[PDB]
Each structure stands twice: as structure tokens, then as C-alpha cells.
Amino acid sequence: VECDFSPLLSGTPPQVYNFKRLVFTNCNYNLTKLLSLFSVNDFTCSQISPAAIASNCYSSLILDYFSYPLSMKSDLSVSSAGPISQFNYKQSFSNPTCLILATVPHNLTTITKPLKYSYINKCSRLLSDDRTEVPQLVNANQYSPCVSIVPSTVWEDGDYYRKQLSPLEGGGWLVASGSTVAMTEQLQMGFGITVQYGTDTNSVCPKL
């Protein structure tokens, strides 16, 4: 059975804080078949390499994808000093990972564009003393604690959101704000890959 990467090629890719995660097990994969369809602008890895990630056997392969403007490549480089790693998307510290930035060629019209790019620029708890804010950051490999209060696309740059927390939850509020970047002529995306060499047999292998 060949791992089927077709879902990336169909529909509107979510924004970075709503990244779509696909988990592959017990299948053979052809990574170059996927990547050859895109114009790859950046391809960086941690604890693995582009050559190795395409050629090893894993207990599982996890593929994340989202809309992401190439002009925010540096917002990735700043890592937890900037809003993407703080509030939107932060890959595993525990397993090898890669992060790919790619442009959608004009031929792939089945990938439809969102109205704009959006990301979360603030996620904080406003405490019951109605005074101090405590930032609530994303944990590696997880979704933002503010995904439930930010819309799938931010309507206007700087829009602000809040949700009252119950007394049992400690009171106060969960608060967030969104930023936007204008859509590009061709859609630009990020692909995140995490692999696991697990107890479970390494039955995610390259197609030969």
C-alpha cells in the first residue's frame, strides 16, 4: 500500500495555527512524488536531513500542512522569539523533523486559495484580578491554546478576541489577536514532517 499524499492537493489549506495533520502508518511512501509537484523554496531539518527523510523506514510519518507566505520565512527563523513558534506552530523537540516552504504552481488549481494569510500574534490569560496577562504559548507538536477563539481566517489585521473562563477554571479571560498578510499571486504553503523510529516496526518505508 502506497501512502497517499493526495489530501494536500485538494481543497483550501488551513492557516498555520489550524495546520492539518496527516498520520501515516503501514504504508510505503514516495516523498519526491509529492515535492516534485511544487516549487520548493526552503527545506530545513532537525536531527535528520532532506536526503535521509526521503529514504528511511519509520514506525510513523506525520505530515502537517498549511497556507504560509514565503515573506514570513524569517518569522520562522526567530523561533520562540516570534509569534509563529510562540502561538501558532512549533514542531516536536523529541523526534526528527523537517519544515518545507513551497509555492503552488499554476497547474495545481485543485488547491484553492484562502482570502489572505492569517496568524495569531497574541494568546494570553487575563487573570481574575483583571490586571496581569500571562501569555499562553503552544507546546511542541500541539495546537495553540487559543485555536478555539481565533477564526479560521482573520477578518481584519489586528482583530482581537476574548472568552470568559468559568470560576472553576480560575476566572478571568482567554484573549488573543490575529494578523493578516495579503494573498500572493500563487499560493504559498508550509509542509511539516515529523518521523518516529518506534517500538512498533518501521513499516513506513520508501517505495522502491
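Note that residue numbering begins at 1 and tracks the sequence as displayed.
Participant: Take the C-alpha B-factors listed in the entry for 108 to 116 and for 127 to 135, compute each mean, and give the stretch with the larger one.
Facilitator: Taking the mean B-factor of the alpha carbons in each, 127 to 135 is higher.
Participant: Averaging the C-alpha B factors as listed in the entry, name the stretch that ends up higher: 151 to 159 or 62 to 70.
Facilitator: Of 62 to 70 and 151 to 159, the stretch with the higher C-alpha B-factor average is 151 to 159.
Participant: What third of the chain does residue 36 rank in for C-alpha temperature factor, lowest, middle or highest?
Facilitator: It belongs to the highest third of the chain when residues are ordered by C-alpha B-factor.
Participant: Report the third (lowest, middle or highest) to which the CA temperature factor of residue 182 belongs, ranking only the modelled residues of the same chain.
Facilitator: It belongs to the highest third of the chain when residues are ordered by C-alpha B-factor.
Participant: Using the temperature factors of the C-alpha atoms in this entry, rank residue 44 within its chain: lowest, middle or highest third.
Facilitator: It falls in the middle third of the chain.
Participant: Rank-wise, by C-alpha B-factor, drop residue 140 into the lowest, middle or highest third of its chain.
Facilitator: Answer is lowest: the recorded C-alpha B-factor places it there.
Participant: Can you tell me whether residue 199 has a C-alpha B-factor in the lowest, middle or highest third compared with the other modelled residues of the same chain?
Facilitator: Ranked within chain, residue 199 CA B lands in the highest tercile.
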